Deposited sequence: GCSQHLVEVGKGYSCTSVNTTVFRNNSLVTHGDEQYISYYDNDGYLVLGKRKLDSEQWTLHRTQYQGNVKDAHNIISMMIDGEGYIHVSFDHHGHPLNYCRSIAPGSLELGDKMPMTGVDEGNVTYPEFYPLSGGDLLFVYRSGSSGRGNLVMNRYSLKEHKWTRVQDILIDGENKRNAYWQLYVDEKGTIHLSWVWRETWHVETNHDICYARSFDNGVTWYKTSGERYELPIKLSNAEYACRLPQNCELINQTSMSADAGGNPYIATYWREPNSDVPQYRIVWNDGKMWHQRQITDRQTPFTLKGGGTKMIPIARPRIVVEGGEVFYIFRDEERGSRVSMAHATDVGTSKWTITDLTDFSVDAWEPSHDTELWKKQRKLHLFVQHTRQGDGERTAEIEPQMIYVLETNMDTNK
């Protein structure tokens, strides 16, 4: 299992290593790009040729509040090769920059997208759309308010426009926590859990929608077009799960080449106090679930979480499931099923060392285009002032 050194980065919190960095690492053509905060809090951008281990690294003019692990960096490359990057939010005005030129690590000034509803941003996420355009998703609101906002970047006009103002409706009652993926056919997939009130134990259910027209209209797997916005009552339930089953929020999802969705998360068995890793997927006709490992060690979300929220990639039913577990010494770990429906899941460790509070993020585009799995790997703590730890790209042997 081959580790490619990048550079040392901040490790006192998990800001560089959350599951919801979309993306920390991204390939365009034969170049791979990475982003992180250095030990002084500066946003660093880097790139290499995929056939080299020599990085060009550039400390930008920007800093982030790295003591708040919410305040992540998400990046993406558009069809003309410009880096788009958004960073350093926890209910704050939008921070968004772009490369000054194709493939450049140098950024211009902070810019608006649409200039509307950009005062209270959390969780910036980018996804590439067919033809070179980009999608941007974020949570708008402070003091417990949350709403999913979705924009599109037209490569042609070089501008952002709003796609949905209200896609998921909490009806002034509840919040949602979501994840998305744009499949190899350009379909946008969306899944989420509800959170009924302040407390994490009030998370419940896994819901799903998809769009074939870059976010304008939305469908269920069973073919019905949604009447928007999507509420508790009309949502498609991929998996019905109660409150108080240790169901976690804000994980990740993927799809196979055929456009079938796969969702990776965790929750406990009814007759147990031990959360277990899960996969939920739809085969075109039915939703299924499987438990990935047989953990022994209990924990509860109520009141550092001992396991990481997961990532997955899929190849025609074959699943590679990336996680981290105190039971395995907090190494980077992988579970593999030849066939998601029927195989036993074989577990291996991808690092021989602990990465502690690390969660996985991966080069989504390299998997889609080249079927290679590269992970952003760095030891971090749930913040003790520790020395910055080396960031690697882990090039996975499968």
Practice task
No C-alpha coordinates anywhere in a stretch? Then put that deposited-sequence range on the list, in order along the chain.
Solution key: 1-3, 307-310, 391-395, 411-414
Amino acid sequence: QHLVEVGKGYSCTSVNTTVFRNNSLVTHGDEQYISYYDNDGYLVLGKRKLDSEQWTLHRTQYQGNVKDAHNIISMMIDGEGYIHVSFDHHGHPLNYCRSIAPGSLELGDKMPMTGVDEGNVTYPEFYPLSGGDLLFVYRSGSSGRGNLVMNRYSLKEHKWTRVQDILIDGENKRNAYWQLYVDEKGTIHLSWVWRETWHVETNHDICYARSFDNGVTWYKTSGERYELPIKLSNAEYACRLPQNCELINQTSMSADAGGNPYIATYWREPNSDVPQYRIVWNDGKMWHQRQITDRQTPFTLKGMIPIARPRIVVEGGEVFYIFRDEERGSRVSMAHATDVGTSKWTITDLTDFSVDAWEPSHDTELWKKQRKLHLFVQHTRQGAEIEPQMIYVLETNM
From here on, numbers count along this sequence of modelled residues.
Exercise for the section: Look over 291-299 and 154-162 in the entry and identify the one with the greater average Cα temperature factor. Expected result: 154-162
Exercise for the section: May I ask you to compare 384-392 and 5-13 by their mean CA B factor in the entry and name the higher one? Expected result: 384-392
Exercise for the section: Report the option among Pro261, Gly115, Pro275, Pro124 whose CA atom has the maximum B-factor in the deposited record. Expected result: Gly115
Completion exercise
In this crystal structure's PDB entry, the residue among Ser191, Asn249, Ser86, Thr217 with the greatest CA B factor is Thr217
Exercise for the section: Among all modelled residues of this chain, ranked by Cα B factor, put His90 in the bottom, middle or top third, i.e. lowest, middle or highest. Expected result: middle
Handout entry: Chain third (lowest, middle, highest) by recorded CA B-factor, residue given as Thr27
Key = lowest
Completion exercise
Entry-reported C-alpha B-factor of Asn172 relative to its chain, by third, is highest
Exercise for the section: Check where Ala308 lands among this chain's C-alpha B-factors and tell me if it's the lowest, middle or highest third. Expected result: lowest
Handout entry: Within-chain third of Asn65 by Cα B-factor, per the entry
Key = middle
